[PDB]
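Presented below, as structure tokens, is a lone chain in the form deposited in one PDB entry.
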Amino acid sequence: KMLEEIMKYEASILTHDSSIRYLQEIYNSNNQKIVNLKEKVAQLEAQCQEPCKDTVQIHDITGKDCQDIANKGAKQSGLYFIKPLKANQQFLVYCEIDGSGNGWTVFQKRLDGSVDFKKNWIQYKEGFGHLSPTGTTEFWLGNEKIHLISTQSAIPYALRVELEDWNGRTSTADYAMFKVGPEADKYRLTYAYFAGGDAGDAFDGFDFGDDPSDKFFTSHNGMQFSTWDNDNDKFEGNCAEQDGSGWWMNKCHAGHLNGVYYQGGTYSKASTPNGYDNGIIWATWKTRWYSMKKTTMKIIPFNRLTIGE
């Protein structure tokens, strides 16, 4: 097999050669793809450098309080930083702004029982719960901050309670010249008088019948703040510990907005630990055995309602 085996090979080098020029078409193409692929993923890298969007935004407008902010030009209810006159460090609060120009500065809100109000002294002093720009979250602002605002300038502040049963029926209750003292006074609560409101002056005490003294013993004006780890109540046994919350007891209460959150409103003595009522009650509106569905306590300069010319 001279020029026979070799005849099969002197041209068989052009048979397989169709895998050299052909196998450089790929290397030159594949290579190029990557060059641009590198570019593509580079655009991608760019796309994700940013962190997720946090729907909670804060406003750049500060003030002594929400009304002061409302004056500055605030139009929407949201979170803001305020720093009361006597205050040293500012803080975030929830401002409720209506179209009429009123800037309510809210300090307490219940709405789902999502947060536990069985908090100690410090916790009730510094504040707890969560602030949302849509006020769709429950919280307590903190005795200290409340003190600071209701006391700066010493110009008439009015407290407004807003309740709502489990039937979407609401009712207010206002109090003129509202104010809360310093910690040295155990954050005592005082108001001049009960102004309007269709919910009823539960702060004035109520007669539960159990005894004739109930009526006084359930008033809260002039009462000091009380937590399980800090008495100061008129009761000789600690209402706070028993009723489990933070409030201004006076041999207990008639109005109890930091009470246990009972789903559906109606509760019973058996449900309660010590047997006494501890729901979010407001005697002058509903029974001591009906916990509200929602509760809100906001304040605003008194003049903002007693308005004129």
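Residues carry their position along the shown sequence, with the first being 1. Rigid core: the largest C-alpha set superposing within 1.5 Å between the two forms.
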Flanks modelled, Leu305 absent in at least a third of other entries
no
Tell me which of 70 to 78 and 183 to 191 has the higher mean C-alpha B-factor in the deposited entry.
70 to 78
Should the higher mean CA B-factor in the entry be assigned to 146 to 154 or to 217 to 225?
146 to 154
Out of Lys294, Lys286, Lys298, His16, which one has a C-alpha B factor higher than all the others in the entry?
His16
Maximum C-alpha temperature factor per the entry, among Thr136, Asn238, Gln123, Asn88, belongs to which one?
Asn88
Chain thirds of CA B-factor: placement of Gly113
lowest
Third assignment of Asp207 from its chain's C-alpha B-factors:
highest
Compared with the other modelled residues in the chain, in which third is the CA B-factor of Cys48?
lowest
When the modelled residues of the chain are sorted by Cα temperature factor, does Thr272 land in the lowest, middle or highest third?
highest
Quick check for you: using the entry's CA B-factors within this chain, is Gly246 in the lowest, middle or highest third?
lowest
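One more form of this protein, deposited in another entry, exists but is not displayed; see below.
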I want to check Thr266: does it shift between the shown form and the other one by 2 Å or more at the Cα, with the core superposed?
no
